[PDB]
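1. Let's see this in three dimensions:
(6 chains)
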Amino acid sequence: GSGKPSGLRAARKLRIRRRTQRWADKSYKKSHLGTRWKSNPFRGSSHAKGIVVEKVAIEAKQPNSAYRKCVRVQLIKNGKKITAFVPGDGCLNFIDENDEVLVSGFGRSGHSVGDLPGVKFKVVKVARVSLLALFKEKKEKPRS
Amino acid sequence: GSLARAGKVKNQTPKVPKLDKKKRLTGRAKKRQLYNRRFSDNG
Amino acid sequence: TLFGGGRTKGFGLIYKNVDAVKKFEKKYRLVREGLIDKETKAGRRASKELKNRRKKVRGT
Amino acid sequence: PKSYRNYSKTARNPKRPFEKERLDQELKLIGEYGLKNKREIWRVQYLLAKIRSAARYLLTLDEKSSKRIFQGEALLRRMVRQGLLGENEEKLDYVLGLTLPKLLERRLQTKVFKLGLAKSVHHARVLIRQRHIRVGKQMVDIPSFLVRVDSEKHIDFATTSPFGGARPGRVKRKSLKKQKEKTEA
Amino acid sequence: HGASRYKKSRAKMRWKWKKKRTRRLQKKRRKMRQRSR
RNA sequence: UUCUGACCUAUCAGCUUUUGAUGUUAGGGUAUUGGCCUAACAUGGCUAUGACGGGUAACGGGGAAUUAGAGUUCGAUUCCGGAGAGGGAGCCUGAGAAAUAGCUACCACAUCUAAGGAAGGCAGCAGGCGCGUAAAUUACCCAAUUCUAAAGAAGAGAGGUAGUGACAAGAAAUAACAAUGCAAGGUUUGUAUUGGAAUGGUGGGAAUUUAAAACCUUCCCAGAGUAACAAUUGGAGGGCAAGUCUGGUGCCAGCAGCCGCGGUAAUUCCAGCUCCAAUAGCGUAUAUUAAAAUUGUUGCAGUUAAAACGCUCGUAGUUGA
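-> Numbering: from 1, shown residues only, chains lettered A, B, ... in the order given. Coordinates below:
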């Protein structure tokens, strides 16, 4: 009493009420609506190959003061322009004018990361060579 | 400008070699030795 | 031998006569015992030469 | 087609890793039982938990229920075969009474150390690993081998080992022999 | 906002005023629709 | 051919019916029932229990992942059943095919041409191109497993065997021990200098295994002290286990799931040192379950935090002294 129907033959109400009310969940909407397969430029891949269009220096969100060196990349896979982060300070300096990048997601399932403003992707390999190795120097030598 | 400014600190710092290192224990030996170092007299 | 040896397990067969050995034993096993090496060694190149023929144009 | 043989994971991870008191308890278990990995604890724990889950299912099922009494007698009989339950313990509530040290004690390295064939759990582990132990005339290389009730007193040295009374033949021992022989010659 | 109206905490400008701006805006848009069609 | 069982969608509510929709009759057709097809005659039939459309990154099941109990997600992908063989379509042959290494034609492709003409179809096995975030050899064999024939004795890229394989899964090294020095305990136990014992991997030969080769195992030779026969991956403010450790940068460079660190003495950046976690594995992304009694049958909430239809009647609905 004072709640959901107890009735034996009331499964119909419980199913319809549940079915309709399910949609307000955020994860359920993204997964069960078509927008997933549409609006994501990675289109259900973790990873994508693109080419660097522009090197840009984005200023950090209000609590911090700092310019984050980033790369505007055009995906070859779907022909889409994205802005991607490049980890490693001198690695951006190493990276070339129209570099071929293997870009990934950024640890947050299409949501924003830290003080970066809508930059939802990060480049993790360039010209088939590893970003970590480029950052290291003990590990694998730069490309020719 | 900010394009110039990029990559400073790693290049800037005066790097030092990692010099002479003795090899560590592995495995069961390393864990047992660690257990003894922490927990025997010092537990 | 099995792990740590000192034991060897196998399988043996002893036939009634030499005619039985010829009759009911496998050719590789007869070779392994002692018999001549296998005939017509060529894989599928045999098939390739075989399939070419049209109605007694040539035997070869 | 694919191979039709089955396979299964050895363990379940203990989650929430930096529970200090739990972590240090595992280190004490490693220290005691001559183990190489937390995974060793976790596999023996997983086996114990599988047993505990079975024992819970049986004791939750009714008295005199045919499957339950059969499977229960079979389980206890197996505990007797393993020697995991001994003489003084003989019902499903003693299976619930079973503990992770009791299972760990079943390891061959523990038995070798206990019998005093080797001087320590690690020395026992290496003695087994160097193929120098044998259980009932079977050479064995596995220190984690879980002994049955009968086999505990059937543990002695591998026959073709030095400790078996056969040849050492070692590079050292042979080198000394060559040195003596060259000296004499 | 949500479907539910007003709820001035600290909030912003007046909800009735936001509503006035949108009602006026919708009419303006309706005039753009009229221009179109 | 009977019964029973579906994901999402109402910003899809009336559909179906001259072109058989639904019935009746008569025939024809079929392998046989059958609007299966033709004629004649009826005017029905299906629809909130969501019909009819539309979506689906939708082959179906046995099942898989996570499951305390519910559940939730997932099921090309070893078996069973279906579908398809460039697109559509049509036949022939035969008991069985609307076959596809059967045929014919059209469209989409496309090869040789002697310029008249002619022939071609990998979503069989390799291998290649393109696509891409992403995936192996034109290897050897019919010995087993089975299949087909004029059925033993022959065939079979079915099937087996290797090669490439850190997809996963299991087992499992990277020391052990005695001397000394130190430590604590007053004549004991524990542990950083030394130095003699034990050993696989590794290199070679066999026995053996095999279609053959290779692996396994087993034996015989060889054979470690820096046991160079070289443990890595990521951390040490908090969440969260270990440093107010040593230098450098100076709100810059930068890092860091999140909070944050950085404006000169940085416990977070760049090095170095020590320490810690897991370990031959550990990072990273994306998707997914738990987390979430944060979708709630079990098991939610609605005075003030989000949420009682303005109100009442009322058919279906659900509930019924």
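2. Which residues does stretch D:14-34 contact?
-> Contacts to stretch D:14-34, defined as Cβ atoms under 8 Å, 6 or more residues apart in numbering or on different chains, come from residues B:28, B:31-32, B:34-36, B:38-39, D:35, D:38, D:40-42, D:100, D:104, D:107, D:109-110, D:113, D:120-122, D:124-125, D:143. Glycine gets a C-beta too; all of them are placed from N, C-alpha and C.
3. what about that stretch, distance to the chain center?
-> Its chain's average C-alpha position is 19 Å from that of stretch D:14-34, according to Cα atoms, centre = their mean, to the nearest Å.
4. just stretch E:10-27 next, same as before
-> 4 Å.
5. secondary structure element for the residue of chain C found nearest chain B?
-> Proximity of chain C to chain B (Cβ to the nearest Cβ) peaks at residue C:3, 23.7 Å away. For residue C:3, there is no host helix or strand (DSSP states H and E).
6. For it, give me phi and psi.
-> Main-chain torsions, residue C:3, degrees, to the nearest 10: phi -60, psi 130.
7. now the contacts of stretch D:14-34: which count as buried?
-> For these, a burial check counting by 16 or more other Cβ atoms under 10 Å in any protein chain shown picks out B:28, B:31-32, B:35, D:35, D:38, D:40-42, D:104, D:107, D:109-110, D:113, D:121-122, D:124-125, D:143.
8. RNA strand F next: which of those residues are close?
-> B:28, B:31-32, D:38, D:40, D:122, D:125, D:143 (Cβ under 7 Å from any atom of the strand).
9. can you redo the residues you listed as JSON lines with distance to residue A:106?
-> Below are these laid out as JSON lines (distance: Cβ to Cβ, whole Å):
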{"residue": "B:28", "distance to residue A:106": "40"}
{"residue": "B:31", "distance to residue A:106": "37"}
{"residue": "B:32", "distance to residue A:106": "42"}
{"residue": "D:38", "distance to residue A:106": "32"}
{"residue": "D:40", "distance to residue A:106": "37"}
{"residue": "D:122", "distance to residue A:106": "46"}
{"residue": "D:125", "distance to residue A:106": "46"}
{"residue": "D:143", "distance to residue A:106": "46"}
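10. residue boundaries of the helices in chain D?
-> For chain D, the helices defined by DSSP state H occupy D:20-33, D:38-60, D:66-82, D:92-96, D:100-104, D:108-115, D:121-129, D:171-184.
11. Nearest approach to residue A:45 belongs to which of those helices?
-> Residue A:45 sits nearest to helix D:38-60 of all the helices of chain D, at 33.4 Å, using Cβ to Cβ.
12. Just give the number of residues close to the closest residue to the residue of chain C closest to chain B other than its chain neighbours.
-> In space, and not counting its chain neighbours, residue C:3 is closest to residue D:139: 6.2 Å by Cβ to Cβ, 6 or more residues apart in numbering or on different chains. Residues near residue D:139, counting by other Cβ atoms under 10 Å in any protein chain shown, number 21.
13. partners of residue D:139 in the sheet?
-> residue D:134 (DSSP bridges).
14. so how far is stretch D:177-185 off the chain centroid?
-> Counting by Cα atoms, centre = their mean, stretch D:177-185 comes out at 45 Å from the chain centroid.
15. go on, stretch C:52-60?
-> 30 Å.
16. Would you mark the buried spots in it?
-> Under 16+ other Cβ under 10 Å, stretch C:52-60 has no buried positions.
17. for whichever residue of chain E sits closest to chain B, phi and psi?
-> Residue nearest to chain B within chain E (Cβ to the nearest Cβ): residue E:12, separated by 35.2 Å. With angles defined as degrees, to the nearest 10, residue E:12 sits at phi -140, psi -150.
18. Count residues in the vicinity of it, would you?
-> 10.
19. Checking the closest residue to it other than its chain neighbours next. Helix, strand or coil?
-> Spatial nearest neighbour of residue E:12, excluding adjacent residues (Cβ to Cβ, 6+ apart): residue E:18 at 7.9 Å. Three-state call for residue E:18 (DSSP: H, G, I helix; E, B strand; the rest coil): helix.
20. how close does residue E:18 get to residue E:30?
-> According to Cβ to Cβ, to the nearest Å, residue E:18 stands 18 Å off from residue E:30.
21. Those two: which is more packed in?
-> More neighbours surround residue E:18 than the other of residue E:18 and residue E:30, with 14 against 10 (other Cβ under 10 Å).
22. Out of the ones next to RNA strand F among the buried ones among the contacts of stretch D:14-34, which comes closest to chain A?
-> The closest of these to chain A turns out to be residue D:38 (Cβ to the nearest Cβ; 26.8 Å).
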